[PDB]
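Structure at a glance
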Amino acid sequence: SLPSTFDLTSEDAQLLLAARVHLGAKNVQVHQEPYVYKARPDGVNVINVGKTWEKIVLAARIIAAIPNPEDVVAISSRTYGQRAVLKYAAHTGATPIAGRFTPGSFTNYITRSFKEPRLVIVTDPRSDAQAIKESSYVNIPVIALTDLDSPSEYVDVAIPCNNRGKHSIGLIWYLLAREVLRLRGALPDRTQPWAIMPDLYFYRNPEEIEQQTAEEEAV
Amino acid sequence: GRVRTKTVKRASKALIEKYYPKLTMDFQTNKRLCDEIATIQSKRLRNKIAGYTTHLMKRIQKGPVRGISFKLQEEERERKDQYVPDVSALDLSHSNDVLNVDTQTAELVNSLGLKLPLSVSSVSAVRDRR
Amino acid sequence: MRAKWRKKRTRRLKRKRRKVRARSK
Amino acid sequence: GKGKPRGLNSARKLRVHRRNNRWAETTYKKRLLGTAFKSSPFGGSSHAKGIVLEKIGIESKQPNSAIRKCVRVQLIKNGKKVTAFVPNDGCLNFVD
Amino acid sequence: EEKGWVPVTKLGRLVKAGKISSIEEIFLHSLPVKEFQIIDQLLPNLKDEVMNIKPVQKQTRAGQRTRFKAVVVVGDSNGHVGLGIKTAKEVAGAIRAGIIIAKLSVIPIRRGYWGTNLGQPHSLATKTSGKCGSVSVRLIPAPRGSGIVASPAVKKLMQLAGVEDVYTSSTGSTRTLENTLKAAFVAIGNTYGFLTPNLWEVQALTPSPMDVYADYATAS
Amino acid sequence: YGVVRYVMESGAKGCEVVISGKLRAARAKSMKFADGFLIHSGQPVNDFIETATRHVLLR
Amino acid sequence: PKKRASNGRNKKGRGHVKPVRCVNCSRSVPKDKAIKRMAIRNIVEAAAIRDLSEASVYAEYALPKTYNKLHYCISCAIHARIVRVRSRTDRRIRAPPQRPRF
Amino acid sequence: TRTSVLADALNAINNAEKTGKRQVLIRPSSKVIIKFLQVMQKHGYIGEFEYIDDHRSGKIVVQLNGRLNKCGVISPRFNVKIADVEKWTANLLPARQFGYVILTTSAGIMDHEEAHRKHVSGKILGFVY
Amino acid sequence: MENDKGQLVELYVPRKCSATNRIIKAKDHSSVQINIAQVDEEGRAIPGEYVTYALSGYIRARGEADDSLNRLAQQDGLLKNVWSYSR
RNA sequence: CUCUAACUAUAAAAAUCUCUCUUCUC
RNA sequence: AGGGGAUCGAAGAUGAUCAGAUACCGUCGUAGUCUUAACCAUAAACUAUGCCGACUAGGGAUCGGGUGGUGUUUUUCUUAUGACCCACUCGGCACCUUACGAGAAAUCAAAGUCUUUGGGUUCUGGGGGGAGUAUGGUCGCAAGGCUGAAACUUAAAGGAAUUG
Ligand SMILES: [Mg+2]
Ligand SMILES: [Mg+2]
Ligand SMILES: [Mg+2]
Ligand SMILES: [Mg+2]
Ligand SMILES: [Mg+2]
Ligand SMILES: [Mg+2]
Ligand SMILES: [Mg+2]
Ligand SMILES: [Mg+2]
Ligand SMILES: [Mg+2]
Ligand SMILES: [Mg+2]
Ligand SMILES: [Mg+2]
Ligand SMILES: [Mg+2]
Ligand SMILES: [Mg+2]
Ligand SMILES: [Mg+2]
Ligand SMILES: [Mg+2]
Ligand SMILES: [Mg+2]
Ligand SMILES: [Mg+2]
Ligand SMILES: [Zn+2]
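Cut-offs applied
- Residues numbered from 1 in each chain as written, not as in the entry; some residues may be left out.
- Chains lettered and ligands numbered in written order.
- Part of a larger assembly, values for the part shown.
- Heavy atoms only, no water.
- Residues with missing side-chain atoms left out of burial classes, pairs and counts.
- UniProt positions renumbered as here; feature names shortened; annotations may be inferred.
- Helix = DSSP H or I, 4+ residues; strand = E, 2+ residues; numbered from the N terminus.
- Rg over C-alpha atoms; globule rule 2.2 N^0.38 Å.
- Contact = heavy atoms within 4.5 Å.
- Patch = residues over 30% accessible without salt bridge, like charges linked within 9 Å, V, L, I, M, F, W, Y side chains within 5 Å.
- Areas by Shrake-Rupley, 256 points an atom, 1.4 Å probe, with all protein chains shown as cover.
- Salt bridge = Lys/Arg side-chain N within 4 Å of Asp/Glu carboxyl O.
- Buried < 20%, exposed > 50% of the residue type's maximum accessible area, 1.4 Å probe, protein only.
- Pairing = 2+ DSSP bridges.
- Axes fitted to C-alpha atoms, helices over the stretch in contact; angles between N-to-C directions.
- Buried area = accessible area lost by both parts, 1.4 Å probe.
- Polar contact = N/O pair within 3.5 Å; in protein donor to acceptor, adjacent residues only side chain to side chain.
- Near = heavy atom within 4 Å.
- Nonpolar A, V, L, I, M, F, W, Y, C, P; charged D, E, K, R; others polar.
- Expected span 1.5 Å × (residues − 1).
- 1 Å grid on protein atoms, 1.4 Å probe; cavity = no way out; pocket = protein on both sides within 12 Å on 5 of 7 lines; lining within 4 Å.
- Points joined across faces, edges and corners; volume = space filled by probe spheres on them.

What the deposited record gives as its method is cryo-EM, and the resolution it gives is 3.45 Å.

The name given to chain G in the PDB entry is 40S ribosomal protein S26, and the organism recorded there is Kluyveromyces lactis NRRL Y-1140. For the record of chain G, the UniProt heading Sequence similarities (unreviewed entry) holds the text "Belongs to the eukaryotic ribosomal protein eS26 family."

Looking at the PDB entry, one finds chain A named Small ribosomal subunit protein uS2, with Kluyveromyces lactis NRRL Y-1140 as its source organism. We quote the UniProt Subcellular location comment for chain A here in full: "Cytoplasm". On record in UniProt, under Sequence similarities, the comment for chain A is "Belongs to the universal ribosomal protein uS2 family."

1. Remarks on the overall build of chain A
Helix and strand counts for chain A stand at six helices and six strands. Counting helices and strands in the order they occur from the N terminus, chain A gives α-β-β-α-β-α-β-β-α-β-α-α. Here the C-alpha radius of gyration of chain A, 17 Å, is about what a compact globule of 219 residues would show, namely 17 Å. In terms of principal-axis extent, the alpha carbons of chain A reach across some 55 × 50 × 40 Å. Intrachain contacts of chain A at a sequence separation of at least 6 include 57% that bridge at least 24 residues.

2. A short note on the overall build of chain G
Helix and strand counts for chain G stand at two helices and four strands. Compactness check: chain G gives a C-alpha radius of gyration of 19 Å against a globular reference of 13 Å for 102 residues, more than 25% above the reference. For chain G, the spread of C-alpha atoms along the three principal axes comes to 60 × 30 × 25 Å. Considering only residue pairs separated by 6 or more positions, chain G has 59% of its internal contacts joining residues 24 or more positions apart.

3. Here we look at a nonpolar patch on the surface
Taken together, A:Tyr109, A:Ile110 and E:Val8 make up a surface patch of nonpolar side chains, about 280 Å² in accessible area. Position of A:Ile110 among the secondary structure elements: in the loop between strand 4 (95–98) and strand 5 (119–122). The exposure class of A:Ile110 is exposed, given its relative accessible area of 63%.

4. Observations regarding the sheet that holds strand 7 (residues 128–132) of chain E
Residues and elements named next belong to chain E. On the basis of which strands lie adjacent, the open sheet formed by four strands has the order 7-8-10-9 and mixed pairing. Two strands bound the open sheet, and with one partner strand each, they are strand 7 and strand 9 (148–149). As paired strands, strand 9 and strand 10 (residues 166–171) are joined by two bridges and run parallel to one another. By the bridge assignment, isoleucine 148 is partnered in strand 10 with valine 166. Its contacts with the sheet place helix 6 (residues 177–190) against strand 7 and strand 8 (135–140), and it is angled at close to 145° to strand 7.

5. Overview of the interface of chain E and chain I
Between chain E and chain I, the residue contacts involve 38 residues of the former and 27 residues of the latter. Both sides together, the interface formed by chain E and chain I hides about 2800 Å², and carbon and sulfur atoms give 55% of it. Taken together, the links from chain E to chain I amount to one salt bridge. Across the salt bridge formed by E:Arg110 and I:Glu10, the nearest N and O atoms sit 2.4 Å from each other. The interface formed by chain E and chain I holds eleven residue pairs in polar contact in total.

6. Brief notes about the side chain of A:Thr52
Here A:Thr52 lies in helix 2 (residues 49–64). Residue contacts for A:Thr52: discarding those within four places in its chain leaves A:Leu16, A:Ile47, A:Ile159 and A:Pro160.

7. With respect to the protein's contact with RNA strand K
The environment of RNA strand K is made up of 71 residues, and the closest members are E:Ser129, G:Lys12, H:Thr3, H:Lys70 and H:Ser75. Among the atoms of RNA strand K lying within 4 Å of the protein, the sugar-phosphate backbone contributes 76%. Within the side chain of H:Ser75, one N or O atom sits 2.3 Å away from a phosphate oxygen of RNA strand K. In the environment of RNA strand K, a sugar or linking oxygen lies 2.7 Å from a nitrogen or oxygen atom belonging to the side chain of H:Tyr129. Looking at the surface near RNA strand K, the elements with two or more residues in it are helix 1 (3–23) of chain C, helix 1 (11–21) and helix 2 (27–33) of chain D, strand 1 (47–59) and strand 7 of chain E, helix 1 (5–18) and helix 3 (85–92) of chain H together with helix 1 (57–62) of chain I. The element best represented in the surface near RNA strand K is helix 1 of chain C, accounting for six residues. Of the residues that constitute the surface near RNA strand K, the class distribution is 19 nonpolar, 25 polar and 27 charged.

8. Examining the interface of chain A and chain I
With 36 residues of chain A at the interface, the matching set in chain I holds 35 residues. Taking both partners together, chain A and chain I bury about 3000 Å²; carbon and sulfur atoms supply 48% of that area. Among the residues of chain A in contact with chain I, A:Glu54, A:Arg61 and A:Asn139 are the three that bury the most area, contributing 19% of the side total. Our enumeration of links across chain A and chain I arrives at one salt bridge. For I:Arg60, the salt bridge is made with A:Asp156, and the minimal N-O distance between the two is 2.8 Å. On the surface where chain A and chain I come into contact, there are 16 residue pairs in polar contact. Going through the elements one at a time, helix 2, helix 4 (129–137) and helix 5 (168–184) of chain A are the ones with two or more residues in the side of chain A that touches chain I. Element by element, the count of residues in the side of chain A that touches chain I is highest for helix 2 of chain A, at seven residues. Of the residues belonging to the side of chain A that touches chain I, the class tally is 20 nonpolar, seven polar and nine charged.

9. Quick notes on the arrangement of the chains
Contacts between protein chains span eight pairs of chains, and they are most numerous for chains A and I. You won't find any contact between chain F and chain G; their C-alpha atoms come no closer than 39 Å. Nothing in chain D touches chain I; the tightest C-alpha to C-alpha distance between them is still 28 Å.

10. A word on helix 3 (residues 44–62) of chain B
Residue and element names in this part refer to chain B. With 19 residues, helix 3 ought to run about 27 Å at 1.5 Å a step, and its terminal C-alpha atoms sit 27 Å apart, in line with that. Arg46, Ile49, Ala50, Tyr52, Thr53, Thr54, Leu56, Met57 and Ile60 are the residues of helix 3 that are buried. In this fold, the buried residues of helix 3 make contact with helix 1 (6–19), helix 2 (27–37) and helix 4 (71–81).

11. Looking at the protein's contact with RNA strand J
In the vicinity of RNA strand J there are 16 residues, among which F:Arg24, F:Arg27, G:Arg41, G:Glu45 and G:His79 approach most closely. Put simply, 30% of the atoms of RNA strand J that lie within 4 Å of the protein are in sugar or phosphate. Within the contact set of RNA strand J, a base oxygen lies 2.3 Å away from a side-chain nitrogen or oxygen of F:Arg24. Contact between RNA strand J and F:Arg27: a base oxygen at 3.1 Å from a side-chain N or O atom of the residue. Sorting the residues of the surface near RNA strand J by element identifies helix 4 (91–104) of chain E together with strand 3 (36–42) and helix 2 (75–79) of chain G as the ones contributing at least two each. Counted by class, the surface near RNA strand J contains eight nonpolar, two polar and six charged residues.

12. Comments concerning the layout of surface pockets
The space that makes up the largest pocket amounts to roughly 1500 Å³. If you go around the largest pocket, you meet 29 residues; those closest to its centre are G:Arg4, G:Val83, G:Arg86, G:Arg91 and G:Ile93. For the lining of the largest pocket, the residue count by class is twelve nonpolar, four polar and 13 charged. The computed volume of the second largest pocket comes to approximately 1200 Å³. Lining the second largest pocket are 29 residues, with F:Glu16, F:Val17, F:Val18, F:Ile19 and F:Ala52 positioned closest to its centre. Looking at the lining of the second largest pocket, the elements that each hand over two or more residues are helix 1 (2–9) and strand 1 (14–21) of chain F. No other element matches the eight residues that strand 1 of chain F contributes to the lining of the second largest pocket. Considered class by class, the residues forming the lining of the second largest pocket number 17 nonpolar, seven polar and five charged.

Spelled out as structure tokens, the structure:
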């Protein structure tokens, strides 16, 4: 099996906790996801972070198995996880799709956005149902960042995490890209934290980018 | 009833997206640019194209707008995107290396067999009436 | 036509025929 | 599961149910009641002779405008009277 | 004739490169075919003939706008069928596009033995059925050389299939040719959808042709 | 269709043919065979697209 | 065919309810197929609030309201503009028309 | 009321197979169900089932492996003469190369091929393939 | 399937769902085939060597695809206790 | 990541209609 | 038949609207509406879905009951109740999503587990019209109810949905 180097390192679990991945799943629950653990008395179910990291490493193993990098195509329609996907497509040789999905992007072969990949990564099944339906129509696996409340129809291996955080999605994409690059071998050893930062995959509202520019242009 | 149909709008959009450094705020200079950099058959269409180009340029000067893009704007967007804060926003950089949890995720950490310095706090299971 | 009024017309025909039979019974 | 009974000892009601339902057909009802023998102009007869009474033609329906040349015949076997049709271009004059 | 057929899909690129040799590789991995020229390349002798031409009218404010529905069946009489149904303005274009769809929708069939296998399969393997609209078609194996006891359209579909002997039974409004042919198509394609004792052992899941030969796709 | 095919083989940007009359029926009917695109308004109708009208005598 | 799986009645398990009369045409209609509108309003409109306030003793009168639940028929409800015909995919929605004002 | 218990068992098996599961919980668990599932085990259409004593009719937990496609009882256990076995196989089984009409003979509950081998026939129980 | 002399007459002995043992139709345009890369001692994904699981379109449509993949990967020693055999 | 407010309100009368329906194949 | 007798209102009386209007709008208005006995047994008596039994899919609520909470306000110092909150369960009128199933579809979580056809069982239908008519029984004071054809005629009548 996987060598014990692939266990849940203290810093990586600690990061997962800090981004409040476990904190929120839902006040409700669907029996497709047993990744629940110790439903909090606040009525906010806790997510088993170890199971989440196991799903992350499984998804990394699946992605690394693809011989040609740009048949891994990652979707994000909701704002909170747009930038991260682009950033992911920067490091791993994946193809990003942000904002709208222009339906018919998988079945219709005439559209100039017609990409025929071998794997699809989805930030949220409930928002990206169109991509899931296209992948169904064209026989494509769907590694979706499913929450404990998102539906799991036409959804393959599903990373259980938060979808309302603006922190969880970016860091989940970080761990995914980091593990994929370790698997490929571009990153030499899987112990150093890969200096570039989790905040790189975080969301950036235009109002705060304007504020940051104003603070940068003050001097 | 002036609506400036497909042709003028698309031509002006392409004109901006390919020639922003040369376009100006003035209608007459942009009219001459439309004459020299593009082969508009008639001259009424040329004037309409230059007018909408000036309007779009003024809108861009006011701020960034949807649809159209050019080298300078996309470079600025990429540079703003590459912003990564030097100070850490995780790993308990705040709250004196202490992060607050409840019992349940504390037992999660315990059963995971990891040390993970925590701070317990009951969540007052009484829910807000909203 | 409505089934209601066809029914009623049949009932009135039965009216007349029943009175005639009662007269000649 | 279905309206009919299914038990191994339910032959009686199945048979009587089929026997009661058979009257819903028209061929079976005609065959058993013997309506052909009693009411039809011929009783189970493919052909029948008769005597011509008069020589009439009847107009056709709406989409077809013509007068088909028929003949009223009183049957000899029982005495019923029926109209019959002489089928061809110039056969009306042939029958007197 | 004049045909360049620049491949726009990865499967078409692999086929044009000559890397997929048999259509069984396409059928096995449930690969999606969107170019009829792939099917032309893999099956050079796909015969076809128009089942029916049907005038279909739409009532507009000015007259009645009439198109034509062509029902085309394509096959090679060796266990491969496709059923295209198209609607178009001109009858010739309707037939051409129906042939195109039929080639796109080619499907493999599982011919079997009625009993005591001696030569090549002569009939289907098991009883199969399909239902389109209200038309339910039931195909039942028959002894060797029993002909095709079927309506002329279904009979000709079996002839294009290569099934030489089969019994059939149709229930419903088999009048409508498209529904009957679609039900028969569902049944004959369901013939490979029935698990049979002789199909019980598991296989090793040979890797997909676009995984082993992904390099020859993705025109750079 | 052969005429249209030859016309677009010649390099034309669009051809159109109207055949009106008693096409295999007593009642009159008009068949349209078009390919490419044909403009209809403005002297582009006079400048680019050229037209021809002819009568054919049959039995 | 069924235009309404609920049959419009909204009864589902009663068999018979007691009818009520229409406010306009006095149509004896069942109490659930008797589309109801709770008219709560001011006894003096905004057109005369200033006039009443200036010319009233008991400074800062509460200005009491008037409440009436109107039991329309259905023909009047279509005609008196209370309820409108809807798309067959819009008939699904039973929520009130999206909070007239916030 | 529960009239034919084997019907309930086979219906539960069919429902839990069509949905893609690998297990069934049959409640009443008579002799006939045990023999039927034992025949299916002998012919491979079923996996590894289990009897759960309750002191009250027991229950059965059935393990499947997706090999089966349809069970089914012939609810009126028709007296099947040895001549009528072939007609039942033709009317029920999809092909002559496989399928089994499970029928109860005086020599026990057996598949139709085994009964034809013993040259004995009785009432018909159901069909599996 | 088998000719009497002993040669195969079937064409394309079809795949079967690795989770429900049901065959995969030729036109089953919902089914997928997952590849999971083998991992050596130092975490380097060995190329061209992996393990494949054919998930049917039916379970994917139902919503049991991820659970089935979890179980199937746990059985062949890929994920540690991600799936419990007793719910 | 925090909320429950505004409102109305018309029904005059209007009946009837004759022909005749015509192929889609590379 | 006996009692009552407000309202509203078959018949009727009119006043309007109209070409006519003994119809719709309006005003009066008997029988009736309300009852105690005795009849009547029919309704779009509708969920147009027979009953009993099993299984199959996700999401919340709602009613009746019962379990547990180291739960919250309650106040009778604390507690016991009650009232809520959270979780579960049984039963009921129901509802949202979906097809992976069924249908000719509208649609149905049953109208599913039906050509891969059998859990038990009752009633009904065999193109439309004639016709729920006649006749013969039977019930009823009467009204009418139950049972209930044929002769003959007809190539359609009808269901759902699509475009105008
Ligand atoms: Mg005449
Ligand atoms: Mg134009
Ligand atoms: Mg113009
Ligand atoms: Mg209607
Ligand atoms: Mg209503
Ligand atoms: Mg009730
Ligand atoms: Mg009295
Ligand atoms: Mg009057
Ligand atoms: Mg008057
Ligand atoms: Mg009146
Ligand atoms: Mg009065
Ligand atoms: Mg009745
Ligand atoms: Mg009824
Ligand atoms: Mg009839
Ligand atoms: Mg009738
Ligand atoms: Mg009588
Ligand atoms: Mg209709
Ligand atoms: Zn009203």
